[PDB]
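One structure below.
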Amino acid sequence: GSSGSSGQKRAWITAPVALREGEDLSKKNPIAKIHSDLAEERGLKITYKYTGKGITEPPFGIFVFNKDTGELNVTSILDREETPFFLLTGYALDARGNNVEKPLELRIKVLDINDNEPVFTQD
Numbered sequence: 593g594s595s596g597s598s599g600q601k602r603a604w605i606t607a608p609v610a611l612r613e614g615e616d617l618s619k620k621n622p623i624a625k626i627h628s629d630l631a632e633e634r635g636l637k638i639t640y641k642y643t644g645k646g647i648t649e650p651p652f653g654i655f656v657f658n659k660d661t662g663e664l665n666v667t668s669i670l671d672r673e674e675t676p677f678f679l680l681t682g683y684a685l686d687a688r689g690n691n692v693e694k695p696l697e698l699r700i701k702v703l704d705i706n707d708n709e710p711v712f713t714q715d
């Protein structure tokens, strides 16, 4: 929908992923993807992991990620009833496996079927 049109700066910045439950979200994907620039700059294979509801905690079989491609795709239909919210964290470990750059607080909210979110601006 909107990555980041207006902000303070373009660096290690993330946006609140907003998806509507119901159908299979097998289109928007990838819906998220984080990585260190030093990777493409230098040419190292950075590792990415995700911890939270859907991966480390049930209901299992919700979110899947791979360090080979470095992407996040949903393999299950979201639901406000079962999971009203989804908390996940992104880690950028180096070839060695150390936390060189603090992780990210990726938050994924679940909008109802009739998502009627209000309209406003951020200054």
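Residue numbering for the sequence shown follows this note's numbering, beginning at 593 and increasing consecutively. Even for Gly, the Cβ is constructed at its ideal location relative to N, Cα and C.
In angstroms, rounded to a whole number, what distance separates the CA positions of residue i and residue j?
i       : j       : result
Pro-608 : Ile-669 : 18 Å
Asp-671 : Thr-643 : 19 Å
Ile-626 : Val-656 : 14 Å
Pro-676 : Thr-667 : 17 Å
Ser-598 : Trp-604 : 15 Å
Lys-694 : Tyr-683 : 7 Å
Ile-647 : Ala-624 : 15 Å
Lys-701 : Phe-678 : 6 Å
Residue j and residue i - do their beta-carbons sit closer together than 9 Å?
i       : j       : result
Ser-618 : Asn-665 : yes
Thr-639 : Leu-680 : no
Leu-703 : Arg-612 : yes
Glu-663 : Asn-621 : yes
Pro-651 : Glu-674 : yes
For the beta strand (DSSP E) containing residue i, name the first residue and the last one.
i       : result
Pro-695 : 691 to 696
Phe-677 : 677 to 685
Using 8 Å for Cβ pairs, my map puts residue i next to residue j. What's the rounded Cβ distance?
i       : j       : result
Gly-614 : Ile-705 : 6 Å
Inset, instruction - May I have a chain-ordered list of the beta strand (DSSP E) segments no shorter than 3 residues that lie completely inside the region 607 to 660? - result: 609 to 612, 639 to 644, 655 to 658
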